[PDB]
Structure formats: structure tokens, C-alpha cells
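Just the one chain here, the form deposited in one PDB entry, laid out as C-alpha cells.
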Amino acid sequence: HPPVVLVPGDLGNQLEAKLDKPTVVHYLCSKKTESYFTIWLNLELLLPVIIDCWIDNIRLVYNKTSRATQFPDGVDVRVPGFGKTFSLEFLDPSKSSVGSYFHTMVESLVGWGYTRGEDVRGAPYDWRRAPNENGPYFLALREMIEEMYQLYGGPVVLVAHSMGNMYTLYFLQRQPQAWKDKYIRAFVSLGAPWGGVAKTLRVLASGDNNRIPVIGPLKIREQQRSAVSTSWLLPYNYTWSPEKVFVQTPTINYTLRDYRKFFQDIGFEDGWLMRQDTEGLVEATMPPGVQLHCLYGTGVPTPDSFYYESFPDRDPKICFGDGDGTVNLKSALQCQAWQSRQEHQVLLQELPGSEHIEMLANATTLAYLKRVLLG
């Protein structure tokens, strides 16, 4: 069985922070921590009031002159568990059941004879940022893959979920063909948002608290806007129709060609700058150049377009299309398009009735993985 590298999506791996802040927004916020502590996921930090301290620490500060993000003053952040799997398996380490993500898949791999940190390793990253600001991650990824090839005597299978697929595609596009041919056995793509997703618009406009219902959407919106990864996942014209209307308000429409207006109108000009920085990172048409298995969920209502009665401080009415609940079905066209441009094999696999996250622990998904690894 070949070695395996797991790549998480947005919000998909733990993050740690250390504090020595000059000042804070409220007296009850900690100025200093003695060591690094879990910033994501920690449910205790997401309660009302305390949320303001958390936002103050986890937000990214955009420098308009340098066109780059910085951490808040006195705040440092690291990605734990690179080369291990604990940070991908459970999001909140203290809070077992509720935070289960990659756990089920990893347990199955172990059942088939794999070993944590050895045959199977995770590649977590700072998912708040785009690939442009995770250069070190990609260096470590390349080196880890080479090490696993040497140790275990064979090329690696990449298994990526959601945004992890875009990160890994960027990575693969930048490696020479000879390297990919030697070191990569296959790339298993799970729920990949090729060409962005509709839900991005709602998040940016009015906030999205589906997971965190105890907190108001307009409060959490502040943090969500700050993450470059959010703006990076706005719909792209090669997958969606250039004329498709995503957002309707009482005064105006918004298509994918109206992002500048959108950002100005919602009062977040930084987001336009973020989008300009990142929209050109991944070459739309260039395939990864390796054996690809594209798994996508269907039959789950997925937000397609939005009507705002009041813009942008009031929650919108939502029209639904097909997909996995998060990633729109229309994303799977890119895999379809790559199939016709094939040196390497491209296999498409529908997962009817499988939700975006549930697919990672689904028996059918695991059975397909078995096929790839042992066949």
C-alpha cells in the first residue's frame, strides 16, 4: 500500500497562538499567554463577549501598501501537527465528538495497516491565507513527500478535501512534470470547489453563522472578511457564466464581473484588493498532470443565489441548486473539462446524497479509497 498525505480544507485544521499584546478591546481579554494555546477550534472563545477578544487575535491585518497580511500586534500564530494527523482528525482537541473531521478516514486507513505519522501524514496549513503566503508549507510538503517516497519505497497518494484541492492543485502546477511522475501515485479530490462557490457572497455581505448559531452573523462577519481565503473562493468566470446573477438587492444586481462594486457597496474595499491579489494564482485551464479521482457530492440543497431585502445588514433569502450543501455541482465541470485533455487518467465519481463534510466518513468514499490504494 502506498504512502498517503491528507490535505484539509478551510477551517480544516487546528491553529495555535501566543500572546504578548500591548492592548486589547476589553479589560477581560488576556494580554499575555505563557505558551501557545489552541485558537481554533475552541468553543469557549466563541461565546458572546469573549468573541471580541478571539476576533481581535485571529483576524488578519491587511497592509494596503505591501498588499500582504500581518498578524495583530503582539500576536503570533502557528500551524501544529504538520506530518501528523491529530490536527486534521479533531478540530477541538478537548472537545472530542463534536469536532470529528478526518478521524473516521484515518481510523479506516489504520485498520487497513497504516500507521499515524508514518505511512499516513497530514499537511495542515494556515487556511486563513492564500497559497501566495504559505510558501514554507509547500517547501515542507515537497520535502515530506520525498521523505515518504524514500522511507516507504513508493510514490504517494494525495487525498484532499474542499479548499485543500485548490492548494494542492496550485502546488502541483508549480512542480516539474518529471517530479510529479516520480513522486505522485494519485490525487484523490474530495468536494473540490473548482472555480469558487456561491456561498462566499452571503458570507462577505451579511455573515454566515450556520455552524455557530450562538453568535450573531454580523459579528462573525468581521473575522470572515479578514481571511484572504474567503475572497479567493468567490466564483470564477471559467466555471460560472459571466452573466450569471448571484445577488439581487432592491437597487442593483451583482454578477462575477461586479466584484469591485460589491466590495465598495458593503464597505470592505480591502476585499477587492485581496481578490485582485489572488484571482490569478491558479491557472484555470492547466491540469494537475497526475492520475486524478474527482469525487463530488450531489442531491443536497446548495445555496445558488441570494435576494437581499436590505443590503447588507439583513439576512438574505436563499435560492438553492445542486451540490453537497456547500460546494456547487457546477464546480465538477473542471474535472469534466480536464478529462478531454488527458495524458494522465481522470476518473469522475458522483456521491449521491453525500453531504460536503459527511463524505469524509462515508463508507462509499472509503471503499473507493481502498480501490485506489490496494488496486
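Residue indices: 1-based, along the sequence shown. By rigid core we mean the largest C-alpha set that fits within 1.5 Å across both forms.
The discussion below concerns the form deposited in another entry, not included here.
- For the residues 313, 343, 350, 44, superposed on the rigid core between this form and the one not shown, a C-alpha shift of 2 angstroms or more shows up only at 313.
- Once the rigid core is used as the reference frame, the Cα position of residue 111 differs between this form and the one not shown by less than 2 Å.
- Once you line up the core between this form and the one not shown, the Cα of residue 214 ends up 2 Å or more from where it was.
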